[PDB]
Structures are given as C-alpha cells and as structure tokens.
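All values below were derived from every heavy atom in this structure, side-chain atoms included, with hydrogens, water molecules and symmetry-related copies excluded. Both ligands and their constituent atoms are indexed starting at 1 by order of listing. The first residue in the sequence is number 1, and the count goes up from there.
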Amino acid sequence: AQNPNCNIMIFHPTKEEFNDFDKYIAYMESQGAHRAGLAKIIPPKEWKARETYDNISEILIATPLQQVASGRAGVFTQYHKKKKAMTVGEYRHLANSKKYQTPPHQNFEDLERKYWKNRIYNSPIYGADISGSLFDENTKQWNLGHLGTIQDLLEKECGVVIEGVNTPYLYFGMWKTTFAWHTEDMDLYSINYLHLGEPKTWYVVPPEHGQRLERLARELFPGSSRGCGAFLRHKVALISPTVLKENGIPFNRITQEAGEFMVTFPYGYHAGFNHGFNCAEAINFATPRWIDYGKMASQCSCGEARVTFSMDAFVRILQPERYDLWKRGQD
Ligand SMILES: O=C(O)CNC(=O)C(=O)O
Ligand SMILES: [Mg+2]
Ligand code: NI
Ligand SMILES: [Zn+2]
C-alpha cells in the first residue's frame, strides 16, 4: 500500500502533466496521496492563474463575518457575526490595520504558536464564501471555474441526470481568520488555490481515522454532540494540535503559500488559519472513487448546517432513505 503512514504529499507536475486534471488526480491517488486527506500541488513554473491581481479591489464582500470565539485556547467554538458590506480594497486596508495585522514573528512555527495561544482573544473578519472566480478565462489548465461538474460525474458513473450547478467560491482572509474542523458537503473533494497574499496553515486527519476525530469532538463538545449527530457539519469547532496530540489523534500539518493548490480528499477532516491578508478560491469536485463516500456521508438533520440547492439532489439519489429527514432540516 502506498503512503502507509498517511503523510501529506507534495507534487510538482510538469506543464505536460498539468493538462489533464482528472488524470493527475488519479496519479496522485496511485501514489497514496489520498491517505493523508490533503495534498499540495505546486503548478509548473510556466503556468499562471491570471496576468495580474491589480484590479481586484472593487470586488464586494457583501457579508463579511466576524469570527467570535468561546472556550479555551485549544478547544473552542466560533460564531460568525455578520458585518456591513465592504469592498476587497476596504477589507485589505482593515487587515493591514494595527488592530488586525499579523504580529511580528520569527518563522511559520512561531506564528503557529502565537495563533494557538492567542486566537480566542481576538475576532478577525473573514470574507468567506463569495461566489466568483479570479481565474482568467484564457487559463486552460487547473482553472477552478472550468472543471467537470459533480452532476456530470454522477451522470457518467450512475446514469442519472440531476439538476444543480457547481461554481467556485472566493475567500478573503486576514490574520487569525479560521476554518473549523470539517469534511466537505457529501464528503466531496475540494481544491483550493491561494491566489495572492499571506499563507494559509492546514491541519488534516487521514480519512481512515476520521472517526477518531469525531469521537474526540463528541467528548470535547458534549452539548453540541447531543444536539446533532453530525455537528462538525456546522463548521464551528476548533481543536488545537496540542490537544489532538494529547488525545492520540493522527494528523498532519502543512502551510500553503500563494501560487499553490491544495486538494482535500473525501472524508479528510481539515481545519486551519490564515497568516495575514490573502485571497483563495475553492470548489468541490468528484471522481468515481468519491461515489461510495457520498453514499456514506453523515448528515446534519438538526437544521443548523443548512446547505445548497445542489446538495439536495446528491442526498436524494445517493441517500434516499435519509432524504425525507435531511430535507426537514433544510426546510
Ligand atoms: O480556505 C478556507 O477558509 C476554507 N477552505 C476549505 O475548507 C477547502 O478549500 O476545503
Ligand atoms: Mg475590482
Ligand atoms: Ni474544506
Ligand atoms: Zn446539526
């Protein structure tokens, strides 16, 4: 078995190898990449997502989210308080302010220490989940707005034609902005490209060990666990590496820099934080190997996780017994 220790793998495709996205994902899996839950892909040196970022300041962040934490430094939840709209230019200025900017630090490790020590005491503002793309339409390779759609994968594999569309999302981050422990909707893959700015640190649990993280999470967030059988779908809980190590949970960490792609694999729990002002683009995707994970994916039926139009059809076709109760949560 390849990659038996479930290490995060880093790939350096040539421009030739960068032409066929599906084929490259299947190659990475042939090398065991999916066992980690997360892989890094460094694009060929000739490739660019677009010519410049010089004219992005007029993008609107219609609902910036202030991420308020509760709990202790290593075990906390975050709630998102909606803020008034602002442009990316306004947000970047805010991120660079004395109140919100990245502190002095020695290296990524010192910064990671400072994030875990101090996150809970601040409420950074995240411009998350903005429909749109920053790929130039002329970028033909690994353009996250031109991928094959999940509906078309399901149709090719299973023969069933369903409604729904699949489009990317922009994320504008600042120091301490945080993504909580989660897998993707329907345990899909994700791909994330860091367009610009400061890095993003990721933590990931191998898919084969995901249930170990869930059992820890039920112990650490016991009222949340009683409220919902899949409360990590709410995307609110954080657990530090120190706490994961204390409790024997297998995980790995890696820092993504501007110009790099990350792939998360089905049922690969991930969490992380931004080092400073940045912009990422991400989208879900599927492969034939995903179908079985989609059939087995947990679902929030408490009503908190409240997800897309397109997830309806996935539930309806892959999880018909759940269908009924899950849509009671979503209506
Ligand atoms: O970048 C972030 O805030 C969150 N991204 C992801 O969880 C992803 O790409 O799957
Ligand atoms: Mg603009
Ligand atoms: Ni994700
Ligand atoms: Zn729920």
Degrees at the Ni ion (ligand 3) between the NE2 atom of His182 and the NE2 atom of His270, nearest 10°: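 Approximately 90° at the metal, rounded to tens of degrees.
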Of all the N, O or S atoms in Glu184, which one sits nearest to the Ni ion (ligand 3)?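 Minimum-distance N/O/S atom of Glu184 relative to the Ni ion (ligand 3) is OE2.
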In terms of side-chain heavy atoms, does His270 have a donor or acceptor partner in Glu184 at a distance below 3.5 Å?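 Yes, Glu184 and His270 have a side-chain donor paired with an acceptor closer than 3.5 Å.
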Evaluate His195 against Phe135 for ring pair (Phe, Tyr, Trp, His ring centres under 6.0 Å), listing each step before the verdict. CA-CA 9 Å; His195 280 280; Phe135 285 86; 5.0 Å; yes
Find out whether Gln101 and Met174 are in side-chain contact, i.e. whether some heavy atom of one side chain is under 4.5 Å from a heavy atom of the other.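 When only atoms from C-beta onward are counted, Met174 and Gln101 do not touch, as no gap falls below 4.5 Å.
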SG (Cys302) to the Zn ion (ligand 4) to SG (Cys300): angle, nearest 10 degrees?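 It comes to 110°.
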May I ask you to establish whether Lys23 and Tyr27 are in a cation-pi arrangement, using a distance under 6.0 Å from NZ or CZ to the six-membered ring centre and at most 45° from the ring axis?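 Not flagged: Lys23 not positioned over aromatic ring of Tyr27.
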